[PDB]
Amino acid sequence: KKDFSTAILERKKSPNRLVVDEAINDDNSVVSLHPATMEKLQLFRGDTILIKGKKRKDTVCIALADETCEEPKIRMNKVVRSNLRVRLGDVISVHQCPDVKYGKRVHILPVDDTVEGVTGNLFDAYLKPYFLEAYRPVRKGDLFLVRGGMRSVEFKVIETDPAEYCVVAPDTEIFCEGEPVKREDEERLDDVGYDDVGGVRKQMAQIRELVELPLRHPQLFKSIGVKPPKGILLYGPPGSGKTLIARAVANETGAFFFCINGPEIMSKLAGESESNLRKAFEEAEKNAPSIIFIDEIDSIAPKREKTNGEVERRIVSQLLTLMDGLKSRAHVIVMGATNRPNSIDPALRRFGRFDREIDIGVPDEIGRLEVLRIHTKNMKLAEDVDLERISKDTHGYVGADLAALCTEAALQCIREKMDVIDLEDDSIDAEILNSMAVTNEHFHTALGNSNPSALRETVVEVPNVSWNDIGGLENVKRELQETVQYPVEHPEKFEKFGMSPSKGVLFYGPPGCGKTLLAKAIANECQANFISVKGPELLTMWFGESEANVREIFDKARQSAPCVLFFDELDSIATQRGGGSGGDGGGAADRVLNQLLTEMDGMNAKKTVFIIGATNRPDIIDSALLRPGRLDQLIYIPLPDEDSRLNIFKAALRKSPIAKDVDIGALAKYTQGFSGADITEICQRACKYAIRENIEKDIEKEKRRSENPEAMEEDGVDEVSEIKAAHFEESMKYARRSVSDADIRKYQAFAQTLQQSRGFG
Amino acid sequence: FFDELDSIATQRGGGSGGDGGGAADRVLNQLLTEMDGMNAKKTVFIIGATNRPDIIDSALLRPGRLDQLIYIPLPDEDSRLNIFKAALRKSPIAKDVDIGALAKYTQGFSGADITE
Ligand SMILES: Nc1ncnc2c1ncn2[C@@H]1O[C@H](COP(=O)(O)OP(=O)(O)NP(=O)(O)O)[C@@H](O)[C@H]1O
Ligand SMILES: Nc1ncnc2c1ncn2[C@@H]1O[C@H](COP(=O)(O)OP(=O)(O)O)[C@@H](O)[C@H]1O
Ligand SMILES: [Mg+2]
């Protein structure tokens, strides 16, 4: 087997590919190769080559060679490096140029910023001295730097004969006509490539496999027979990168594009909407391959009960009729981009039309780090930044929020330098502009002054907690591993025996004993997705998103296989159908519980979704959840004993100082009958008392310094402040037992009545 | 400061009916949902007060949320003297007023009764 999920993004091994490296020659057209490398392409020193760039761009250079280079390296010139839209570590393709084709005239114009002091035409002074009889190749739209006197001027080719690229002949005599080139083009050279997107690598691979292959190799599909899909439907949290992904793939694939907008078409007068849609479709069709993107497709096609207007129904039905007309098959690939999948009229998700749904979710930690690394470039940031901590802090953040965070940090940086800047003057010294630098405290200030946008989403990612944190419970780990990891990791044994596994595990025990910790640990070990849903969450969404929200969760369960759906706090919902209970107060559970029961029975079709429960009141739970196929197996998590308390005490103080003055073995004797929450609380209270003692010691030292500044500095500065015996002795005098003897008696009786048939031995 | 949680943070009753399902449970669920997500930031602090700790919901004492309970006791003798002088800080007082006699007099009196 192979990791084919992201294998389409791999750098394929071809003789044309070479790794981009730094260069040593300042010539605008000379590129240095390796003597053995030229043998692969049958090249020699002095020849002319074509080097491809990004977004269907390319340039033409002169192939040179040196023995200090490497085989995969190319040593691209810095100006040509900017021309090719590549950097260090990139891969570029090199081809031969049999067509030298000296051009009769080449139009070249400089940039406005570097021509300060120029009195007129720059042809004789700058163009001809380095291009007369030099036979240098030039490609349209490329930048090359030249020098004259002390003035360094960058020039861009405006026109060529042929228009692609040609060699500057001695007869290429021109004069500076017009002035279209401006410095403001610096930020608008090329909108988006492929590397300018991060965090959605899997979805980007899906889109690539769906779109780029049909648009570049229809022969394979025609041979196999299956018609490629057309309608992609990107959906996700607002401002998560949908338009960016669509524009990236469209510009990189080289196909035609037609960026339709929702309100823009809805802004047209009646009759003009249909005409504009027809013009868009016809323009796309007449220049196949084409891509039609419809931003905010939900705006022009809402749900039926919310679009009773006549013209709205007219435009919706015209869109439907045109969409069913995709039989034209001119590689027209509609890419709708909504934000809520329920908001689109379900008539747009039948066979044909939009045959796909791609969920662009909130990026994970590595995705946030990647997008921050993308945005932090092209800024005068200092060399003491720390992106890892920033990425760790930011949670519930989408790409737009981080784009705003970088701007906020820069704004704080410019605000902090206003002490010298006076707004009474209309001019500012260049030193202030050149002295700007960004530090980590600026990012902390920006983060403290910013707010996330998507904390409410049901985030899905593999958890981090491992069995090391787990405080003992080896029997439960042994059972849970063979009940969860084996049926997914090793289904071959199950299918050979032909006895299908069950997909329900239920936890019941006293509060705070490692239920959620166990669920997250088993989710992390199996490397499966984890979806935590609470009782309060469902109870609130039953009034926020009505009943359908519940189904949405299971839908999100079945679109992210393999999945571990953890229904935390089932005691609020799974209460038994009390006869005396009535009204809304007693019947609120009577809807969510029934919807859950209906969904669980249909969930048995999949073989990669595992449902885990959690309760602290095993007696009040409804019997309907104990039917086979539903959450059948009941696993009891008891109050940890002496050795388990020792293990949890060991696991609690991993980050805290040594505190070796107290043997942790004696602690378990003290804390008999304490749950895990009480042990963690005791650790936290001891740490807080240690912090208070260190704070008062520091205050005493500062007071001593203030009383006598002449007094020499002592060793009373803030130390590590290891936790001492007095800390625990004082801390454990206020604690309490979270579970009384009556509750543990109840749990023990509940276990006893469930374990009365142990007579076999 | 979420003062007077007694009206909404009580345990759900089995004798509920009619309109009672729109109050004391919906606000409780929304408050819990917001509170469990509050823990993301670092400088937001939630403090609640209740006069009926014996009937408080058990879902508002889990880790996070409102975990650390603090008992506020009725003032003692010296505390009664302190509260008497604090309340009478501004009002003019005759030179013959014996605060200690009042402190001996007002055993078992809350702060509100001393102010009254
Ligand atoms: N996943 C991402 N990777 C890289 N850049 C991103 C990502 N998500 C957002 N951005 C940046 O976000 C900036 C501005 O937000 P943008 O991505 O245009 O919002 P949007 O997701 O298109 N909004 P909408 O789809 O209308 O809700 C862009 O210029 C991107 O560089
Ligand atoms: N066996 C254990 N190993 C490690 N930590 C534990 C264990 N049991 C309890 N804890 C502590 O309990 C807390 C989690 O309690 P939890 O299981 O979520 O209670 P509940 O399931 O009732 O919400 C964690 O902070 C963790 O430190
Ligand atoms: Mg958009």
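Structure determination for the deposited model, as stated in its record, used cryo-EM, and the stated resolution is 3.90 Å.

Taking the PDB entry as the reference, chain B is identified by name as Cell division control protein 48 homolog A belonging to Arabidopsis thaliana. The title given to this entry in the Protein Data Bank is "Arabidopsis thaliana CDC48A-NPL4-UFD1B (AtCNU) complex".

The name the PDB entry assigns to chain A is Cell division control protein 48 homolog A, from the organism Arabidopsis thaliana. Database annotation for chain A, UniProt heading Subunit (literature references left out): "Homohexamer. Interacts with SERK1, GRF6, KAPP and SYP31, but not with KNOLLE. Component of the SERK1 signaling complex, composed of KAPP, CDC48A, GRF6 or GRF7, SERK1, SERK2, SERK3/BAK1 and BRI1. Interacts with PUX1, PUX2, PUX3, PUX4, PUX5, PUX7 and PUX11 via its N-terminus." UniProt annotates chain A under Sequence similarities with the comment "Belongs to the AAA ATPase family."

Q: Even after reading the chapter, I still don't get the overall build of chain B, so can you show me in this structure?
A: In terms of regular secondary structure, chain B is built from 4 helices and 0 strands. Taken over the C-alpha trace, chain B has a radius of gyration of 20 Å; the compact-globule value for 116 residues is 13 Å, which it surpasses by more than 25%. Overall, chain B is about 60 × 40 × 20 Å in size when its C-alpha atoms are taken along their principal axes. For chain B, buried positions account for 20% of its 116 residues. In chain B, 64% of the contacts between residues at least 6 apart in sequence involve partners at least 24 apart.

Q: So what exactly am I meant to see when it comes to a negative patch on the surface here?
A: A cluster of acidic side chains, namely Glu383, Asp384, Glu416, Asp419 and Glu441 of chain A, defines a negative patch on the protein surface. In this fold, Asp419 of chain A is placed in the loop between α12 (399–416) and α13 (430–434).

Q: What should I look at first to understand the coordination of the magnesium ion (ligand 3) in this one?
A: For a metal bound by four donors in a tetrahedral arrangement, the ideal donor-metal-donor angle is 109.5 degrees, while six donors in an octahedral arrangement ideally sit at 90 or 180 degrees. Residue and element names in this part refer to chain A. Taken together, the protein ligands of the magnesium ion (ligand 3) are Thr243 (OG1), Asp295 (OD) and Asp295 (OD), with distances of 1.9 to 2.5 Å. Here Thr243, found in helix α6 (residues 242–253), pairs with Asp295, found in strand β14 (residues 290–295); they are 52 residues apart in sequence, far enough to count as distant. The exposure class of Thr243 is partly exposed, given its relative accessible area of 23%.

Q: How should the site of ligand 2 be read in this particular structure?
A: Taken together, 14 residues lie around ligand 2, and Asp469, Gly471, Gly514 and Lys515 of chain A together with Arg62 of chain B are the ones closest in. A distance of 2.8 Å is found between a nitrogen atom of ligand 2 and a backbone nitrogen or oxygen belonging to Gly471 of chain A. The contact in question runs from an oxygen atom of ligand 2 to an N or O atom on the backbone of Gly512 of chain A, over 3.2 Å. Here ligand 2 loses 82% of its free accessible area of 570 Å² to cover by the protein chains. The element contributing the most residues to the shell around ligand 2 is helix α17 (residues 515–525) of chain A, with 3 residues.

Q: What is the right way to read the packing of aromatic side chains from this model?
A: Describing an aromatic ring pair means giving the distance of the ring centres and the angle of the ring planes. All names here are of chain A. In the structure shown here, the tally under the stated rule is 11 aromatic pairs over all chains. Relative to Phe144, the ring of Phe131 lies with its centre 5.3 Å away and its plane at 65°, an arrangement referred to as edge-to-face. Taken together, the residues span a long stretch of sequence, with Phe131 in the loop between α3 (123–127) and β8 (137–139) and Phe144 in strand β9 (residues 143–148) at a distance of 13 residues. With a relative accessible area of 8%, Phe144 lands in the buried category. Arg136 extends its terminal NZ or CZ atom over the ring of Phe131, reaching a point 5.9 Å from the ring centre.

Each value, and the rule that gives it
Residues numbered from 1 in each chain as written, not as in the entry; some residues may be left out. Chains lettered and ligands numbered in written order. Part of a larger assembly, values for the part shown. Heavy atoms only, no water. UniProt positions renumbered as here; feature names shortened; annotations may be inferred. Helix = DSSP H or I, 4+ residues; strand = E, 2+ residues; numbered from the N terminus. Rg over C-alpha atoms; globule rule 2.2 N^0.38 Å. Buried < 20%, exposed > 50% of the residue type's maximum accessible area, 1.4 Å probe, protein only. Contact = heavy atoms within 4.5 Å. Patch = residues over 30% accessible without salt bridge, like charges linked within 9 Å, V, L, I, M, F, W, Y side chains within 5 Å. Areas by Shrake-Rupley, 256 points an atom, 1.4 Å probe, with all protein chains shown as cover. Salt bridge = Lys/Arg side-chain N within 4 Å of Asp/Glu carboxyl O. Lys, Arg positive; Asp, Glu negative; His and termini not counted. Charge placed at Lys NZ, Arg CZ, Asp CG, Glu CD. Donors = N, O, S within 2.8 Å, 3.2 Å for Na, K, Ca; no water. Near = heavy atom within 4 Å. Polar contact = N/O pair within 3.5 Å; in protein donor to acceptor, adjacent residues only side chain to side chain. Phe/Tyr/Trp six-rings, centres within 6.5 Å; stacked < 30°, edge-to-face > 60°. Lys NZ or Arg CZ within 6 Å of the ring centre and 35° of its normal.

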